[PDB]
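Shown here is one chain on its own, the form deposited in one PDB entry, set out as structure tokens.
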């Protein structure tokens, strides 16, 4: 395992962050062994995305096996961020603090509320948790530009965004810009939907309709490497990411994901990523209108 500053904290996080999310086929002992295997492969950053009693017991026990200060524990909190309130903080005392046997969270990661502001009562409660040294930072998950009024909030120390070799320019730039302004950046979706083929399949993300995937055929035809392993290896070279989020269900999946950290991308790949992005942007150019006359016609409905 390699480690990286979770910037401006002096806390080092593993380049892999293991996500634990509800899974009814696992018991306490399985979650416990899942985290023991992570811990043995040098993973020290976890994101709990779930409140199944089985998961909190098992994760709880395994975290206890080592000293709290060696761990970076993020609690993922979903839902319309505009409807968070005291009920949220109650749920959080029960699940995240009592459930996991913790007296601080390194990070609480909420959804982008698409607003400069968080609800009064919730922000007050976070301020209280921080005064009590129970919450080191608030993080925001986004697929777009977070309101600068929110980023300027003293509470907000981190952002979570998808980054993968499908990622546009606008994305690549948002996360370097964030990281150069001393926000930690967690990388999501290293192995995105667009780059899997040989069912149903949802496409409800505002970034989805605009998405080239021509040129990634080398993902399949690289001797000694799976497409998943290349996509991850690539995310691990982006210097603006504090860490890359991964999800894994069994020991050998953890071990294989850890292996990728210490292997380097195959020899020709960086070159081919350029070939594919240079074709991506010859197509976005060759399929563009004059940006004035376009916008000006659009105005005149």
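Residue numbers count along the first chain shown, from 1. Rigid core (definition): largest C-alpha set, two forms, superposition within 1.5 Å.
*Asks:* When the Cα temperature factors in the entry are averaged, is it 153-161 or 99-107 that ends up higher?
*Replies:* Higher mean C-alpha B-factor: 99-107.
*Asks:* Going by the mean C-alpha B-factor recorded in the entry, which is higher: 80-88 or 221-229?
*Replies:* Comparing 80-88 with 221-229, the higher average CA B-factor belongs to 80-88.
*Asks:* Have a look at 141, 116, 120, 184 and flag the one whose Cα has the highest B-factor in the entry.
*Replies:* By C-alpha B-factor in the record, 120 ranks first.
*Asks:* Of 136, 94, 205, 176, which one's C-alpha B factor is largest in the deposited record?
*Replies:* Top of the list by C-alpha B-factor: 94.
*Asks:* Please place residue 112 in the lowest, middle or highest third of its chain by C-alpha B factor as given in the entry.
*Replies:* Ranked within chain, residue 112 CA B lands in the lowest tercile.
*Asks:* According to the PDB entry, is the CA B factor of residue 210 in the bottom, middle or top third of its chain, that is, lowest, middle or highest?
*Replies:* Answer is highest: the recorded C-alpha B-factor places it there.
*Asks:* Going by what the PDB entry lists, where does residue 46 fall on CA B-factor within its chain: lowest, middle or highest third?
*Replies:* Tercile = lowest for this residue's CA B-factor.
*Asks:* So where's residue 241 on the chain's Cα temperature factor ranking, which third?
*Replies:* Lowest third of the chain for residue 241's C-alpha B-factor.
*Asks:* Against its chain's modelled residues, does residue 146's Cα B factor rank lowest, middle or highest third?
*Replies:* It falls in the bottom third of the chain.
Below, we refer to the form deposited in another entry, which is not included among the displayed structures.
*Asks:* Core-aligned, does residue 284 move its Cα 2 Å or more between the shown form and the other one?
*Replies:* Yes, the C-alpha position differs by at least 2 Å between the shown form and the other one.
*Asks:* Would you tell me if residue 215 moves between the shown form and the other one by 2 Å or more at its C-alpha, with the rigid core held superposed?
*Replies:* Indeed, residue 215 is displaced by 2 Å or more.
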